[PDB]
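A lone chain, given as structure tokens: the form deposited in one PDB entry.
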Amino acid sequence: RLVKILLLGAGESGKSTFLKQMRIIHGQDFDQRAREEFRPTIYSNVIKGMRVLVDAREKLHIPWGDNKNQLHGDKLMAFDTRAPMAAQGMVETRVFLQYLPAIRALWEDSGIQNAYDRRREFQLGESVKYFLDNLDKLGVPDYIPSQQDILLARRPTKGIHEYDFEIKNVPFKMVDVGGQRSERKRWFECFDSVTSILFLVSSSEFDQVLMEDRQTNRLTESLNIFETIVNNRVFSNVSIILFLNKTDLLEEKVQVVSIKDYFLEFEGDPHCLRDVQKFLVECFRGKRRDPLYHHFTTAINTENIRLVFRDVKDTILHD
């Protein structure tokens, strides 16, 4: 009777963000207290993210916009990311405020900006840019993360997590799991009584490599995982739905990067969003060895997810 939905996908595909949306759209949402619990994670995202940027600036030999910022760069690299709290991906407010001036100056530096634009050469999520562009509101003494901030807050998932909700007298149980390699060993425990699998893919990852081994192409990894799930006879009765997520990022990326440089078989306009999306869908459809439900989503956009899940629900409830 319960509709059990399993969220699968490689690391950083948006699974946990989608899960937060279900709570926002069909659950109790996030009140002020629940949102304040994300503040330490947000401050950690910013400090660790900026540290990645200065390290990248130095190692990629990118000139400083102003070398007086070297003093700020030193202060940030000196922040110990291995200490107890930082290790848990948390930063106290008083600590954050001590680094705010240095972080603000660094973000305005053209060398740091150049490093960010070349992030494909290392590992860094775009949500870091979102928070760096909102340092003014994060810096206020009584900052309380907004719903949008909570959706962008980043933390890699470990273990299995469930969230239950109801839609018009219909009970749902959604399962979230970690997508990075070492966490996939937990997937086998989540398929009991599964009604549907929502397979998430970061549509904007075609020019990136894995965090696990900075060599394998991220899109290639997603295709290979999808291939093993969709062709497993054990899931013959389970409906699989593909989400080409981060559509918003893909729209902005196709204007500065050509997918053709990473996937030769692409034959269309690299600067055209629809041409690339069609290519991505073809790639996944081709992994199935004899109906591919799919949606272009933006997990951080509540309105987009509200309407996408409406279609997903109808699809699942009719299979």
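Residue numbers run from 1 along the displayed sequence. Rigid core: the largest C-alpha set superposing within 1.5 Å between the two forms.
The form deposited in another entry is left out here; the points below concern that form.
Shift analysis on the rigid core between the shown form and the other one singles out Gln113 from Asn217, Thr195, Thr247, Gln113 (C-alpha displacement of 2 Å or more). In this overlay on the rigid core, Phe122 has a C-alpha that sits 2 Å or more away from its partner position between the shown form and the other one. After superposition on the rigid core, the Cα of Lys59 moves by 2 Å or more between the shown form and the other one. Once the rigid core is overlaid between the shown form and the other one, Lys68 counts among the residues whose Cα shifts by 2 Å or more.
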